[PDB]
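Participant: before I ask anything, here's the sequence and the deposited coordinates:
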Protein chains: 4
Amino acid sequence: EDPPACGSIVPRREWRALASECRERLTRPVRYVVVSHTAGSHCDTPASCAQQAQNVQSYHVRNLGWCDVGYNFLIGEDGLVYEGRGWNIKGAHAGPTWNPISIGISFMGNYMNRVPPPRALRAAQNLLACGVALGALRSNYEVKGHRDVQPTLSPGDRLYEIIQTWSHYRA
Amino acid sequence: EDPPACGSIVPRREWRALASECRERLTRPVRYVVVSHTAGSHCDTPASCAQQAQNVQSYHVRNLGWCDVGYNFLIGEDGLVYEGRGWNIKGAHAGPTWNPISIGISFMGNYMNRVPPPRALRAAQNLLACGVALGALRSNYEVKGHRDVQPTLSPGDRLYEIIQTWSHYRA
Amino acid sequence: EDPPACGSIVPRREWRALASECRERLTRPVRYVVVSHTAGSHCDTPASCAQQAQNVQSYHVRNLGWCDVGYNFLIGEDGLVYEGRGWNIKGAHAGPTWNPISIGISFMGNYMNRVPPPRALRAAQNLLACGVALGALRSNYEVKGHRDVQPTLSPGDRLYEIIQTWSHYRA
Amino acid sequence: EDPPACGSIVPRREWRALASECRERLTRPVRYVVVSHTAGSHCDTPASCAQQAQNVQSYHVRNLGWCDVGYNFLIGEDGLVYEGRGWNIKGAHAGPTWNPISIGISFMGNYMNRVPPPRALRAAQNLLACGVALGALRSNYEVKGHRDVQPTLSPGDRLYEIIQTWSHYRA
Ligand SMILES: C=C(O[C@@H]1C=C(C(=O)O)C=C[C@H]1O)C(=O)O
């Protein structure tokens, strides 16, 4: 109903991110969301996840020489949403075709032979509600698996099976 | 103007490929090579690897709608090399920066918890030798891992391990 | 199959186009759109534009002996789409590597030191958007300028700058 | 600021329109489309048709003192759609039992002893189909004539006889 109607998000400074150097912005409302999964180690405390997230960022910044973490948003299993590039800055997470037309959310961990916990899934679906509410996402936005637009296993077999159930998934 | 044939490569027709609708060209000599696994399941026979390559091309063109299979070449556990987009046409295998300036060779299978059979390395290594003999690749080309230039587990742990020991590999 | 009510194209009859003798089809769906200009007189009224089109088809039929107007569509500074060969038949607009696999659309003028009006850019953009919707185009279709695929100044220098900015523009 | 497409509409500021001051919104998805004719002067080029859309707003804003041009959309004989109040703002074009339940499109001119060229009829048709895509118009839209609902002669005898021959027309 009300303007800032949403989202319990761990901001950058909180998980101690490096400064985002990125500039290329997105066009709202965004139509597409791509679900990814870091495929690496997985956390479950505000404390271990805030670490997790920061590793990840570091990797994409230092090793691959990028301007900030690939994703716009990372879901922890602590149940929290770790802020990535956010709703307005174009991601680097799913090919040159989808990055300027999608929001990229990554479950932190590896879900080929596991599921993220109930609450991880809530954080994210809620985050998407939040995104629509703020006009970042088109009301009828579609959700694609990462393997749906990239050669990849991401977002893992189990998690994929789950997002394929969602109201907004459009194969 | 020496003719050093070194193409023990299974041609597209032999592994029975759909047609590349890909048209954009890499300028030769190409300076970098990026090694990726498919992270699919392995094939150990020309007859299965024929099918395997059929499918990898299929996942790229059908589900992803790509001009044609992402890689310039595919290595098999059958010890044979498969014609991807070959030496001249730009791949789609490492994203907008490396794509135009690298050959993306890809091992067919998943190497978090395997190593590719010695014959698969031999095929791979020699392929490059071949690549240099023609002028496709620079005498002094540098080899990256897939994870080195894009967030992914590709080319797999045990294989990543191995290609780091390789001569032409670069930090 | 699913048919919308897409576009506002001026059918051949209306701009008084001759009968086409053209008979060769393209494969659905076309991956490429190639943007050009006519480098001739610029029309800006629906009337003078209808002429311009007819003028162009003419020079293509009675002078180059082609089966039709060269372009699949034409585009008025009047802000209207002119039906040429259409979505299904082959254009004669960009060399024989490119004609069999593309859609040529051609702005009606000389855009070396001029911009097309905003209304013409919308026509084009919207006309494309349609193709996709009709399934005449791939959704991930790729736009190139004439000069990308032939040695020319088409689609004019100023229009060329403009098209580079486009979502689906691949260099 | 957008991939600029749907029904190739001329935007407000493009015809030099004084900013709306209107606030009442429509309840999407809207049921009715009331086709009127301005009853004023007819134009037939984009230049003359901007000057005409502008002239109507003037009479609505300066003289009658409405927050904006009455109709949601105007259709030029230049065969281009002029956006007045658009898809969301309630129109002032079909009275107070109809204004909150319909999109008011109007044809610039007097269609008693003439009809609008197909080029506008097409633009109009497309506008509605573009409406549905947006979800601003409900796919089973029903199209009434200005006289069907308000004692008046709009949209002219000759135009009115055409309207009834439309598919989604209900009498
Ligand atoms: C594809 C078109 O453009 C439209 C523009 C849209 C937008 O801007 O969000 C949404 C849907 C499309 O229907 C078209 O009408 O041809």
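Facilitator: Right, received. Where do you want to start? Numbers count the residues shown, from 1 in each chain, chains lettered A, B, ... in the order given.

Participant: where does the residue in chain A positioned nearest to chain C land in three-state SS?
Facilitator: Residue of chain A nearest chain C, by C-beta to the nearest C-beta: residue A:97 (5.8 Å). In short, each C-beta sits where N, CA and C put it, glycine included. Of the three states, residue A:97 takes helix according to DSSP: H, G, I helix; E, B strand; the rest coil.

Participant: the strand or helix carrying residue A:59: what's the following helix or strand?
Facilitator: Using DSSP states H and E, residue A:59 sits in helix A:46-62. Scanning forward in sequence from helix A:46-62 by DSSP H and E, the next helix or strand is strand A:73-75.

Participant: for the next helix-or-strand element following that next one, name the packing helices and strands.
Facilitator: Counting by DSSP H and E, the element after strand A:73-75 in chain order, helix or strand, is strand A:81-83. Counting contacts by 3 or more C-beta pairs under 8 Å, 6 or more residues apart in numbering or on different chains; DSSP states H and E, strand A:81-83 packs against strand A:9-10, helix A:46-62, strand A:73-75, helix A:118-133.

Participant: one more time with 6 Å
Facilitator: If contacts are counted by 3 or more C-beta pairs under 6 Å, 6 or more residues apart in numbering or on different chains; DSSP states H and E, strand A:81-83 sits against strand A:9-10.

Participant: next one: the strand it packs on to chain centre, how far?
Facilitator: Relative to its parent chain, strand A:9-10 has a centroid offset of 12 Å by C-alpha atoms, centre = their mean, to the nearest Å.

Participant: ok, it: who's next to it in the sheet?
Facilitator: strand A:81-83 (parallel) (DSSP bridges).

Participant: okay, and the beta partners of the nearest residue to residue A:116 once chain neighbours are set aside?
Facilitator: Using C-beta to C-beta, 6 or more residues apart in numbering or on different chains and skipping the chain neighbours, the partner closest in space to residue A:116 is residue A:107 (5.2 Å). Beta-bridge partners for residue A:107, by DSSP bridges, are residue A:37, residue A:75.

Participant: residue A:107 reaches residue A:74, doesn't it?
Facilitator: No: look at residue A:107 against residue A:74 with C-beta atoms under 6 Å: they stay out of range, at 7.6 Å.

Participant: wouldn't residue A:111 be in contact with residue A:158 here?
Facilitator: Yes: here residue A:111 reaches residue A:158: they are 4.7 Å apart, a contact under C-beta under 6 Å.

Participant: more neighbours: which of these two?
Facilitator: residue A:111 (23 against 15; other C-beta atoms under 10 Å in any protein chain shown).

Participant: list the contacts of the residue nearest the centre of chain A.
Facilitator: Nearest residue to the geometric centre of chain A (C-alpha atoms, centre = their mean): residue A:105, 1.4 Å. Shown in contact with residue A:105 (C-beta atoms under 6 Å, 6 or more residues apart in numbering or on different chains): A:35, A:73.

Participant: in a strand, it, correct?
Facilitator: Yes: counting by three-state DSSP, one finds residue A:105 located in a strand.

Participant: how many neighbours does residue A:161 have?
Facilitator: 12.

Participant: go on, residue A:51?
Facilitator: By other C-beta under 10 Å, the residues close to residue A:51 number 15.

Participant: okay, and the beta partners of residue A:169?
Facilitator: Going by DSSP bridges, residue A:169 forms beta bridges with residue A:143.

Participant: residue A:145 is in contact with that one, correct?
Facilitator: No: with contacts counted by C-beta under 6 Å, residue A:169 stays clear of residue A:145, the gap being 8.0 Å.

Participant: between those two, which contacts overlap?
Facilitator: Joint contacts of residue A:169 and residue A:145 (C-beta under 6 Å, 6+ apart) are residue A:163.

Participant: neighbour count for those two, which is higher?
Facilitator: Under the criterion of other C-beta under 10 Å, the comparison of residue A:169 against residue A:145 puts residue A:145 first, with 25 against 17.

Participant: what does chain A put close to chain C?
Facilitator: residue A:97 (C-beta under 6 Å from any C-beta of the partner chain).

Participant: let's see that with 10 Å instead.
Facilitator: Within chain A, the residues that sit near chain C (C-beta under 10 Å from any C-beta of the partner chain) are A:27, A:95, A:96, A:97, A:98, A:100, A:101, A:149.

Participant: and the nearest residue to the fourth one once chain neighbours are set aside, how far from residue C:55?
Facilitator: What that stands for is residue A:97. Leaving aside its sequence neighbours, residue A:97 sits nearest to residue C:140 (C-beta to C-beta, 6+ apart; 5.8 Å). Distance, residue C:140 to residue C:55, using C-beta to C-beta, to the nearest Å: 35 Å.

Participant: quick one, what contacts residue A:69?
Facilitator: Neighbour list for residue A:69: A:12, A:17-18, A:20, A:22, A:53-54, A:56-61, A:82-85, A:91-93, A:104, A:106, B:151 [criterion: C-beta atoms under 10 Å, 6 or more residues apart in numbering or on different chains].

Participant: also residue A:138?
Facilitator: Here residue A:138 is in contact with A:28, A:29, A:30, A:31, A:32, A:131, A:132, A:168, D:135 (criterion: C-beta under 10 Å, 6+ apart).

Participant: can you tell me the SS state at the residue nearest to residue A:97?
Facilitator: strand.

Participant: can you check residue A:171 too?
Facilitator: On the three-state scheme (three-state DSSP), residue A:171 is labelled coil.

Participant: now it: how far from the ligand?
Facilitator: Counting by C-beta to the nearest ligand atom, to the nearest Å, the separation of residue A:171 from the ligand is 19 Å.

Participant: got it, and residue A:25?
Facilitator: The gap separating residue A:25 from the ligand is 17 Å, by C-beta to the nearest ligand atom.

Participant: and that residue, its phi and psi?
Facilitator: phi -100, psi 170 (degrees, to the nearest 10).

Participant: state the number of residues packed around it.
Facilitator: Neighbours around residue A:25, by other C-beta under 10 Å: 10.

Participant: try the one 5 residues further on
Facilitator: Other residues within reach of residue A:30 by the criterion other C-beta under 10 Å amount to 22.

Participant: which non-adjacent residue is nearest the residue in chain A that chain B sits nearest to?
Facilitator: Per C-beta to the nearest C-beta, residue A:96 is where chain A lies closest to chain B, at 5.0 Å. Sequence neighbours aside, residue B:96 is the residue nearest to residue A:96 in space, at 5.0 Å (criterion: C-beta to C-beta, 6+ apart).

Participant: for the one you found, list the residues it contacts.
Facilitator: A:92, A:95, A:96, A:99 are the contacts of residue B:96 under C-beta under 10 Å, 6+ apart.
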